[PDB]
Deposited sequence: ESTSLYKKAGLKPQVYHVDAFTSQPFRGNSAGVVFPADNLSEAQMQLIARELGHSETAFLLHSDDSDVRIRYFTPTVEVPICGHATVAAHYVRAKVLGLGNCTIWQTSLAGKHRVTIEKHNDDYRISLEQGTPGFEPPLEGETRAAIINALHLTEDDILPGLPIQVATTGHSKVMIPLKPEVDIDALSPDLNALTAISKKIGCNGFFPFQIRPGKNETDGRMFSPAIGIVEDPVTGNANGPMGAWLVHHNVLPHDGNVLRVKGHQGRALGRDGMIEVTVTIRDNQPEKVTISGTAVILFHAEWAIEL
């Protein structure tokens, strides 16, 4: 009933791993300035504030330490909400600046599934742009998965797909961040997602670099892994039954912030129609605010 603050690691079961987020609940009597102040104070890359909706179950506003942003803190918010309310195996609808969410409960723990936006792809990056991206990661053409493009994919917040051979030491990558930033201005995408596929498995390991927006590396990124799953279907990279492809995306190992996202792609005529991402989380602690508001 009183404002509480939750410190949550999203897309993991292990404390101190995953992608940390704040959740403040309930946030009904906070102004935009108060929410911005709290987000700055907690210092997570994102803090979620959960409120009452008159046409849904929940409205959520997300703030970085400096500015409001859109719909990992989503998984955190709904995990917290499920735990506090004692939610069951149900469907929830989110309004925020109408998004379908599913909650599953196994063993007194929760998994949260978010349906993403329409999959889409931009024309492949070829020639000098391709070579510029490869050189910025300090790789060569021989490091790239043969016959496949470097290419922006999206389910609502676009990312550059960079398909690497399994032989590549993805954890040793240390990109030229200024060069990535210069490329971002030419291609209209701020996030770069090198990833590789585990041999014989519908599983991947990736890293998401986004220096153009001040985030050098994001530990676990739903908006990268979702489009990667769509992309794998679109370029027929992983075997599937033509109906559903499930990929377990791993991210964050080099940061000591290992996380996991399950990506489920619905398939029609061998093209990705819909993408859902799912993950769990762990609450490290929660408290009532000891101060007024």
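- Numbered from the first deposited residue, the unresolved ranges run 1-10, 82-83, 110-111.
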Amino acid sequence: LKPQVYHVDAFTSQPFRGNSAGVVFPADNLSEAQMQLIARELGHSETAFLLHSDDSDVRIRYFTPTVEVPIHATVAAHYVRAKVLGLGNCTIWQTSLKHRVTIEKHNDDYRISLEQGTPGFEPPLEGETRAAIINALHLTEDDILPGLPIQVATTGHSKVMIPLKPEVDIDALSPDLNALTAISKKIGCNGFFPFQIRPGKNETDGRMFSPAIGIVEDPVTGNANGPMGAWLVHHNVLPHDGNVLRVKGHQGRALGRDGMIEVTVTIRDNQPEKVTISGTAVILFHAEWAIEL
From here on, numbers count along this sequence of modelled residues.
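- Legend: mean Cα B-factor per stretch from the PDB entry, 32-40 versus 48-56; the higher mean is in 48-56.
- Of the two stretches examined, 83-91 and 191-199, the record assigns the greater average C-alpha temperature factor to 83-91.
- Across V67, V263, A224, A254, the greatest Cα temperature factor reported in the deposited entry is at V67.
- When the Cα B-factors of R61, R246, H234, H250 are read from the PDB record, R61 comes out highest.
- Among the modelled residues of its chain, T155 has a C-alpha B-factor that falls in the lowest third, as given in the PDB entry.
- Per-chain ranking of the deposited C-alpha B factor places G242 in the middle third.
- Ranked by Cα temperature factor within the chain, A73 sits in the middle third according to the deposited record.
- Per the PDB record, residue ranking by Cα B-factor puts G127 in the highest third of the chain.
- In this PDB entry, the Cα temperature factor of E104 sits in the top third of its chain's modelled residues, the highest group.
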